[PDB]
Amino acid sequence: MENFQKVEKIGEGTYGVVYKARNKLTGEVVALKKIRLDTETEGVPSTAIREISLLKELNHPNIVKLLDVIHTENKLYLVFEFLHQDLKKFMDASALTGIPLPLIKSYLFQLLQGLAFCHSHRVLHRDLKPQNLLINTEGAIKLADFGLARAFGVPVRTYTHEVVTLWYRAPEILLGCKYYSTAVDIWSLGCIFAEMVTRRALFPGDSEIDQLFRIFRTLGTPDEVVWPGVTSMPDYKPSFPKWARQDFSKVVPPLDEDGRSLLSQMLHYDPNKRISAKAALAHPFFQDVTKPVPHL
């Protein structure tokens, strides 16, 4: 830490606190994440243990680089590459005009490459949300905050009391499934795709049941033909109202045919038939992809 000068605080949350800092010797600007560490009581949080072990395994252009870990008696610091803001803030600054379609397309494409990389290395992210997707001035976007990430060499059990985010949560989790799968990360990215296009969250629920009903109101109340097994999922109830699936031409008006088709496949109900990251990347929607730069 002797060779870092803190420059300014850029965020605080469940992680810890993140500072922009500069290496006094090399001039590199980094993001320093200080882990909330109680030395006399619980030790190193599970978030830092997961993020570190997994991020040190993952080297890819669309996953935030972890540069270094500074671990001393009282303190644990993660040193990350600096990126200059999160997608949430960019969506907010761009509401009104909207992010341009080509830049949306580029971000989707890059995020799918990052995810396909995570999934092929047995890592599930589980908490994709715009505040965890980081962008730079050259058109890159990168997955960040692997604090809730899990290795899935053996199936990951769901958490009775999910701390995971509501808005970007997959239906199979809301209906009580026992295990997560890679499919939950695709569902999230699908929601984010839609959000960028429409300039608002697709499914902004205020509770778990409201979150489910909001999904059902746009995608239709699912049944055994659309989703075999649904009816016997732990929190399925035969009393759910019946809503019709909506025309995507109305869910996401700005999208063309290829867009609606990809979106519809990322938001499939049945996690077994939900498109994979690797197959998404071959979708025709990406034929004409470029790498525009954002107006930050």
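Residue positions are given as counts along the sequence shown, with the first one as 1. What we label the rigid core is the largest C-alpha set whose atoms superpose within 1.5 Å from one form to the other.
- Looking at 198 to 206 and 75 to 83, the one farther from the shown form in 8 other deposited structures of this protein by average CA distance, after a rigid core fit, turns out to be 75 to 83.
- Comparing 143 to 151 with 114 to 122 by root mean square Cα distance to the shown form in 8 other deposited structures of this protein, with the rigid core used for the fit, gives 143 to 151 as the more displaced stretch.
- Note: missing coordinates for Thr41 occur in a third or more of the other compared entries bracketing this position.
- Relative to one another, 32 to 40 and 50 to 58 have unequal mean CA B-factors, and 32 to 40 is the one with the higher figure.
- Taking the PDB entry as given, 153 to 161 carries the higher mean Cα B factor of the two stretches 153 to 161 and 78 to 86.
- Residue-level inspection of the entry shows that, of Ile70, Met266, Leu66, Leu255, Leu255 has the top Cα B-factor.
- Among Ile215, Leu115, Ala93, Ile104, the highest C-alpha B-factor recorded in the PDB entry belongs to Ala93.
- When the modelled residues of the chain are ordered by C-alpha B-factor, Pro271 sits in the middle third.
- Annotation for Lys9: CA B-factor lies in the highest third of the chain's modelled residues.
- For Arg126, the recorded CA B-factor ranks within the middle third of the chain. Only modelled residues enter the ranking.
- Sort the chain's modelled residues by C-alpha temperature factor and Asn132 lands in the lowest third, per the entry.
- The entry lists a Cα temperature factor for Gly190 that places it in the lowest third of the chain's modelled residues.
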